[PDB]
Structures are given as C-alpha cells and as structure tokens.
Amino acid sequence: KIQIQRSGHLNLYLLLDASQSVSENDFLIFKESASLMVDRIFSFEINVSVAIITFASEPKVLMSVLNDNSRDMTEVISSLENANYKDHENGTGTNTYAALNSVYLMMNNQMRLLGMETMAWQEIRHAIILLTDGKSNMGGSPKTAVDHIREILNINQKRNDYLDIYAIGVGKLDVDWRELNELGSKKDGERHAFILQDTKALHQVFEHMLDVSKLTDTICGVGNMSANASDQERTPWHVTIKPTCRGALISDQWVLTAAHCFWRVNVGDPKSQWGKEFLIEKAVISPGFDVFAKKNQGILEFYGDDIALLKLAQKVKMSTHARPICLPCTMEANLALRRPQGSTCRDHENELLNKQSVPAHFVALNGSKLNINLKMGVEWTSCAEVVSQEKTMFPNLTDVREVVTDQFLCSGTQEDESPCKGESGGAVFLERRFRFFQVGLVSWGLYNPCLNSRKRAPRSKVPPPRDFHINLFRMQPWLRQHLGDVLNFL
C-alpha cells in the first residue's frame, strides 16, 4: 500500500504510456487519473515528491524527484498538464523496461546526491504507478529494471514497505491483464494490478491503495472517499450524544453541537461499528438560547443562539474512525484550503460559500451521508420565506426574520434531504480539495421525515419541508470566547 504517515518521505513516480496502442484520448484519461492521484496524495499534508514520466519507445522525464518543484503540488500538476502525447510520435513502440529503468536512474541520482548512508535517503518510501495497457513489446523484460530497483532500495523483509509498484489500465482500451499482474508488486492481502473503466472507478480504487492507519495526529477534515468504506470512516468527526442528538469533534477533546439538545458521547472507534463511549467534563451552552423566548408573542419555538460545546472527560485518540472536522476561520482550515497566509474569516466564507446554491451534507441517524443545497443571497430569501406558511408554530409572524434570522443557513428545497429530530446538532459540512469543513450545524426545520426510513412530504403538504442550520460564520465571537486556546483562529 502507499503509506500516508508523518515519519519519512514518499516519492511517487507516475509513468504514463504514450505508445501507439494508447490513443490520444486514452492518454487524456491517463492524465486525468494521474492528476486525481496527485490531488489526493497532496490532501494529507504529508511529505511527498512526485515524478512524472511519459513513455513509449523511450521515457521522457517531465518532473524528477531531484527537483524541488516535485514537492510543490502546483508545479507537479502543471508538468502533468504540459504532457503531450505527440512528444513520442517518432518512437511509438512500448518499452516498459526503459520507463522503469528511468525510475532506477532517478533513484541512483538521488541516492548519490543525498548519500546512501543518510536518513534523508533511507527514510524515503517509493511508490511507482504505471498507467498503461500493459502491452510492452520492446526493450526486454521489465523484471530486470524491477530487480535493479529492489537492489538499490535494499528491499528485504524488513523493508518491504519501502517499495510498491502498481500497474493500472484505466479507460476503454484493450489491456493485457497478465502483464499488469506481472508488473505489480506481489504482497499478501493486497492487489497491485487493476483494470478500470474510468477515472471515477480509479478514485474508488485509489482510496483502497492508501494506508492511512498510522495517521494519528489531529489533522482536521480528513476522511475516506470510498463507497466501500464504513459510514464512520467516511465522516470520522461524527459523534452521537445521549443526554438523542448528533455533534462534531472539533479537537481531540471538544465536541460542537446544538444547545436545544440539552450524559454520554459516542465517538468513532476503529475496533467496532459501535464506537466508544466518552463522559463529559464540561458543557458550555450559549446563554442566548431560549426556545420559548418568543412564545408569549406567537412564535412558539425560536432557535437563535442554538449552539453548545462539550468538553470530553478524556482526550480521544485520533484514527481512521475519530478525527476533528475542519472549522472555517482557523489556520488549519486555511492550510487545508491552500489559501494565502493573511486570509480573514470573510475570505474563508467567500472561499466556501461563493455560489447561490452550494452542495453540502449532513449525516443521518443511521450514519449515511445525505445531500442538501445551501441557498445564499437572493436564493436564501426565497428559501426562508416559506416559514410564512407555518401558521401553527408561528401564529404571530410579522416578518420572516423574526424566526429565520441571519444566524441561519437555509436548505430543503426541491430534492434536498431534510434532517430528522435526532440528527440535530450534527455538522452541516462541505468537501473541498478532498477535505471536510463544517459551515453550520443542524438546528430546526418545518418537516421531520422520520416522525433507515424517511418519508417525503406530499408536494401539496403546506408548508413544504425547509431546514435552518446555525451558520458558523455568524457565531465567531462565541466560538472564539470558548475555543481561543483550543483552536488557532485566524
């Protein structure tokens, strides 16, 4: 597997077959797949260098791991996009040996430059990925180059983790499965050769090529993108609160949730679907919250300041099953988003919520990730306005803003899912650059589909479903009052 961890360094070498048996359109699919793998690899904030080599009769090195630009995601993707298939027009045979020997030469050059005996050289783990149809037909057996690489890298039983070779035929093309299998590593309990229809399928397989099991620091907003992973692996910030409500881990000891929920907190755990129970040291409930604040004047429930923090009695161990989500307006989120150093909270709100309709998610009672569209600007006004049909909860509503204040994000239109009562307090979040950011938390709505089964409202069912989520960008003074020494705010 390709290991994602803090200690050491990862060199990834991407070998793209530009031989005649691969059409220009196939090659574009190779470039698309390579770009995704680069984007994903850079999402973990680990120490990684990427080489890019295209090959047919002879290899062409577009990016070397000796070059400092190989550690810069933008330079890497650019060398990739600047890769032309026609640069191999006069040698269109398939010399897989020579492509692999190009990697060998690079390894030789690097070892020389760093020193065989140094930890700078010995700490590097090497992952080679060939995108090819596996139809080598010149240059001799690739095994010679494989064996040279195993030798220079001193791959023994103790150093088996220092080398992985993958051969992947992605696209509609005709592939020789036997050569792919022969090229790939042979490791017990793992596969190193794949035949995949498209980049979409590659994205799924790549998640299973990565071993993130030893990434146990507090890195935020990291999850699993595989449809085959567990719910908790997909959303490891997710917690259940038994006072039922949901919440989000925002550090290794603090949980963000809704005030209206108010004990045990159930946190992800790699050892069972059942999670791990935590007790609470301290709860901090917003003093503004009073659900009956407006009751005497005909707004029977009011959710202004619906926010709470829980400090757990012990620290959570970070794992594939338990991690903080990223909060906007922090330095950690700024880095995840790859934005300028001096960015402000306003900049993060612009970064994340720029469109009039922003695809977002919340987590269901059963752990499933569900979809919503947050409506911004003019569409926020139309989204929120339908509360004026809710005459039973709001018999005395003179202005929409008496119940749907600027503290709330809005969703629930068209084909959106709508949170259930027990989903309250859970994160409303978005994915950007393969990282997850909490922009709000589930507070209230006009329709409870659960009042694994959710009912849709009838199209006639006045008022229609509509959902209102405390907006984290509107709660900064309170969050900062309480978490100033927990998180690193911009």
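Position 1 is the first residue in the sequence shown; the rest follow in order.
Counting the deposited residues that fall between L451 and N452 and carry no coordinates gives a value of 4 to 9. According to the entry, the deposited sequence runs straight from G115 to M116 with no unmodelled residues in between. Stretches 263-271 and 99-107 differ in mean C-alpha B factor, with the higher average recorded for 263-271.
Higher average CA B factor: 178-186, of the stretches 416-424 and 178-186. Ranking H208, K143, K311, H88 by Cα temperature factor from the entry places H88 first. Sorting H348, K369, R125, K242 by the CA temperature factor given in the entry leaves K242 at the top. In this PDB entry, the Cα temperature factor of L483 sits in the middle third of its chain's modelled residues.
Ranked by Cα temperature factor within the chain, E233 sits in the lowest third according to the deposited record. In the deposited entry, the Cα temperature factor of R433 places it in the middle third of its chain's modelled residues. Per the deposited record, the Cα B-factor of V222 falls in the lowest third when ranked against the other modelled residues of its chain. Residue-level temperature factors show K317 in the middle third of its chain, judged at the C-alpha atom.
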